[PDB]
Amino acid sequence: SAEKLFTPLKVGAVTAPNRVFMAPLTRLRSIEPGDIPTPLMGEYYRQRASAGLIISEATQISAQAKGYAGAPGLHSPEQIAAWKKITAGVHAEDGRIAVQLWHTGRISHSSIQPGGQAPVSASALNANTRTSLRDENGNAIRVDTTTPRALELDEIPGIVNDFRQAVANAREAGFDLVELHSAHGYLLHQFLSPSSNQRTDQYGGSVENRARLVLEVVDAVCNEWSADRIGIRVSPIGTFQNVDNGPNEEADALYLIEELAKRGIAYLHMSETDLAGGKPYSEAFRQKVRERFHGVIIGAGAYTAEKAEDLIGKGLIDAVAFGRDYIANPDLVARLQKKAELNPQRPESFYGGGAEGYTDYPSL
Ligand SMILES: Cc1cc2nc3c(=O)[nH]c(=O)nc-3n(C[C@H](O)[C@H](O)[C@H](O)COP(=O)(O)O)c2cc1C
């Protein structure tokens, strides 16, 4: 039965009936051409509608934002129409869903960029990693990332407008909230990190300059819709996709959080460590974050129901986002509430493919 995990929580403009959230999970099953959400994806989300809040897989704000074959977009008419069906299905089950919007930046490949050109980023530095494309049969494959082109100063306003337009589209698509992907080494994080950002204009250098882009985006989207409809995900501590949060990560993190707090947005989603290792957050750091943000705080990263209850009980976080447990358990809320066993995970089908390993996991 637990304690607080199953109690309501006001998240900006909506109210979650429990604090068990579904973390944003890239599954790469969209239709190409078009990067269009599918009926299968609709069923997948609908099966998980009992979550306090569903945060969708990362979705492109524009065609240029694309970095993975199979990832959906929210910039075209066909994409908007498809997502409207998915959010409607979730609402039909009385759930709530937020769309995570991103721009992959340098974690992309020229073959899936508009015109087949090099992807963009803060600086012209290859991420030295791989991304996922699809072969001639539609199967997911890994490929080395393409060296990016540094965005020109005059191109930044366009990036901000793309985020603004995507939120406008999200609103029409029926999403309850939007989550800006400012983590895991993607575009916004590429600007935030001193290791991936070597710009000498006002978007590089000091933390104030490095956080400039993300804050302009936050302001742009709050103005487009409403601050209580805006959430943001950050991974300010540690190293992700070869992007390292500088030698002053903690100080820089608190600066960013205080600035975000000023906009009165719906929530702050903290991805504590990537799938690989990572130093755990100290309660002291959690307290410092807590006192700087006045909205909902979501914790994520190998959480257990026990850890969630502990931190929620200490008043350090308000909700917990589960990723892999949600992939394998559509009715995770019921299972954690009943203290039931969970379905075993099948990692080989996390990315790409079809129904198997997707709408495949049974409910109690
Ligand atoms: C298959 C898969 C896809 C993911 N895709 C996303 C995503 O689209 N956006 C994001 O911010 N994080 C993404 N993550 C990270 C998850 O949201 C989550 O924070 C992470 O899996 C750690 O939580 P867990 O231990 O509960 O799975 C992904 C992770 C996995 C396993």
Side-chain angles (χ1 to χ4, degrees), residues 9-16 21 24 53 55-56 58-59 61 74 96-103 122 156-171 175-184 186-193 197 202-203 206-237 245 249-271 285-300 316-319 321:
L9 177 77
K10 184 240 302 303
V11 183
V14 299
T15 302
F21 293 4
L53 170 72
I55 302 171
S56 82
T59 300
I61 59 175
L74 186 49
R96 293 137 300 284
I97 183 171
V99 57
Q100 186 188 58
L101 296 174
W102 73 342
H103 189 306
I156 282 59
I159 296 300
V160 174
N161 177 63
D162 287 335
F163 271 104
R164 181 201 63 69
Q165 184 65 62
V167 167
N169 299 344
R171 183 179 192 174
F175 285 104
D176 297 292
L177 303 170
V178 172
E179 175 177 289
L180 300 170
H181 198 339
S182 187
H184 304 166
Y186 293 110
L187 193 68
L188 295 176
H189 197 193
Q190 281 158 42
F191 272 75
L192 280 172
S193 172
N197 183 337
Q202 71 269 208
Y203 288 95
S206 68
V207 64
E208 288 79 9
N209 285 4
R210 286 181 273 124
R212 192 179 300 287
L213 175 60
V214 68
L215 292 175
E216 296 183 329
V217 171
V218 174
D219 288 325
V221 301
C222 285
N223 176 277
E224 185 53 46
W225 197 347
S226 186
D228 66 353
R229 292 285 179 174
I230 312 304
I232 183 174
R233 193 175 217 203
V234 294
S235 58
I237 306 297
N245 291 294
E249 46 175 33
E250 175 167 341
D252 292 351
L254 299 179
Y255 165 75
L256 212 210
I257 297 169
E258 278 185 51
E259 283 302 309
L260 293 170
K262 296 186 182 175
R263 283 74 178 178
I265 59 175
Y267 73 73
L268 174 71
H269 191 170
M270 312 271 273
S271 177
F285 179 62
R286 290 189 185 282
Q287 291 283 26
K288 294 192 295 292
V289 172
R290 227 298 113 84
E291 64 183 0
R292 288 175 171 66
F293 191 66
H294 306 90
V296 164
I297 292 180
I298 306 172
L316 293 172
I317 66 176
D318 306 291

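One is the number of the first residue; the rest follow in order along the sequence. Computed over heavy atoms, backbone and side chain alike; hydrogens, waters and symmetry mates excluded.
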*Say you draw a straight line from CG of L260 to CD1 of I232; how long is it, rounded to the nearest 0.5 Å?*
5.0 Å

*Please lay out, stage by stage, how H189 and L192 fare under the test side chain to side chain contact (heavy atoms under 4.5 Å, CB included).*
CA-CA 5 Å; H189 197 193; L192 280 172; 4.2 Å; yes

*In sequence, state the C-alpha distance, the side-chain angles, and the governing distance for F21 and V11, and then conclude on side chain to side chain contact (heavy atoms under 4.5 Å, CB included).*
CA-CA 12 Å; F21 293 4; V11 183; 4.1 Å; yes

*Give a yes or no on whether the backbone of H184 and the side-chain of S235 come within a donor-acceptor separation of less than 3.5 Å.*
yes

*Less than 4.5 Å apart, any side-chain heavy atom of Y267 and any of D318?*
no

*For residues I298 and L268, determine if any side-chain heavy atom of one lies less than 4.5 Å from a side-chain heavy atom of the other.*
no

*Note, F285 side chain near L254 side chain (heavy atom, < 4.5 Å)*: yes

*If the plane angle is over 60° it's perpendicular, under 30° parallel, otherwise tilted; pick one for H181 and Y186.*
perpendicular

*If every non-hydrogen atom of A319 is compared with every non-hydrogen atom of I317, which pair is closest and at what distance?*
O-CD1, 3.6 Å

*Do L256 and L215 come within less than 4.5 Å of each other through their side chains, counting heavy atoms only?*
yes

*Summary of salt bridge (charged side-chain N to carboxylate O under 4.0 Å, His left out) pairs that have at least one residue in residues 253-266, sequence neighbours excluded*: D219-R263, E258-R292, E259-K262, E259-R263

*Considering residues at least two apart in sequence or located in another chain, which fulfil the side chain to side chain contact (heavy atoms under 4.5 Å, CB included) criterion with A166?*
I61, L101

*Heavy-atom distance under 4.5 Å between the side chains of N169 and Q165, does that happen here?*
yes

*Stepwise, does the side chain to side chain contact (heavy atoms under 4.5 Å, CB included) test hold for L177 with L53?*
CA-CA 10 Å; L177 303 170; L53 170 72; 4.2 Å; yes

*Side-chain donor or acceptor of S226 paired with backbone N/O of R229 under 3.5 Å*: no

*With a 4.5 Å heavy-atom cut-off, do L188 and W102 have their side chains touching?*
no

_Check whether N197 reaches the backbone of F191 with its side chain - one donor and one acceptor, N or O, closer than 3.5 Å._
yes

*Keeping the roles fixed (side chain from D252, backbone from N245), state whether a donor-acceptor pair exists under 3.5 Å.*
no

*Closest contact, heavy atoms only, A266 versus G12*: CB-CA, 3.7 Å

*Closest approach of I55 and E179, non-hydrogen atoms and distance?*
CD1-OE1, 3.5 Å

_Looking at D176 and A98, would you say the former's side chain and the latter's main chain have a donor-acceptor pair under 3.5 Å?_
no

*Which value, rounded to the nearest 0.5 Å, describes the distance between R164 atom CZ and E224 atom CD?*
4.5 Å

*Where the side chain of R171 meets the backbone of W225, is there a donor-acceptor pair that is under 3.5 Å apart?*
no

*Flag the pair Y203 / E216 as yes when at least one side-chain heavy-atom distance between them is below 4.5 Å, and no otherwise.*
yes

*Got a donor-acceptor contact below 3.5 angstrom from the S271 side chain to the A300 backbone?*
no

*Side-chain heavy atoms of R212 within contact of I156, under 4.5 Å*: no

*Would you say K288 has more than 12 foreign heavy atoms packed within less than 6.0 Å of its NZ?*
yes

_Residues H103, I159; criterion side chain to side chain contact (heavy atoms under 4.5 Å, CB included); working and verdict_ = CA-CA 9 Å; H103 189 306; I159 296 300; 4.2 Å; yes

